[PDB]
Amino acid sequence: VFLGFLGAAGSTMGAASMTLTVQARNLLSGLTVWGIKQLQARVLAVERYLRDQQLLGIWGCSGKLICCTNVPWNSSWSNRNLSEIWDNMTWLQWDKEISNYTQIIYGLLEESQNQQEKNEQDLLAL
């Protein structure tokens, strides 16, 4: 249904995966003391947006909300099961376990994309 911004914060990851367009629609929202206070804040808002969009774009997920990659899930990243993640765990609870291996996975998603592009160019040449 419709729950609102961050409405599925405490729901299961599978149920919170339905409200992925709700938290994304409100992610951007469109000299004097009060004038420059919000101007410095709204500049940091687009920087925070383009930072995630750049990572999303270099991973082949530019126009994607839920993309699949070709990286094997290493067992050292909390080897949970399928029905134990999407049916009995929240996104807030899940990010705490993978918090150690966040920057680790981000390094593999970029190598696969540059390799997909270079392999794709070899096919069109023939």
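Numbering starts at 1 and runs along the sequence shown.
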Note how many residues of the deposited chain are left out of the model between residue 30 and residue 31; the options are none, 1 to 3, 4 to 9, and 10 or more. 10 or more
Stretch with the higher entry mean CA B-factor, where the candidates are 5-13 and 112-120: 112-120
Taking the mean of the C-alpha B-factors per stretch from the entry, tell me the winner out of 65-73 and 40-48. 65-73
Looking at 99, 90, 54, 78, which one carries the largest C-alpha B-factor according to the PDB entry? 78
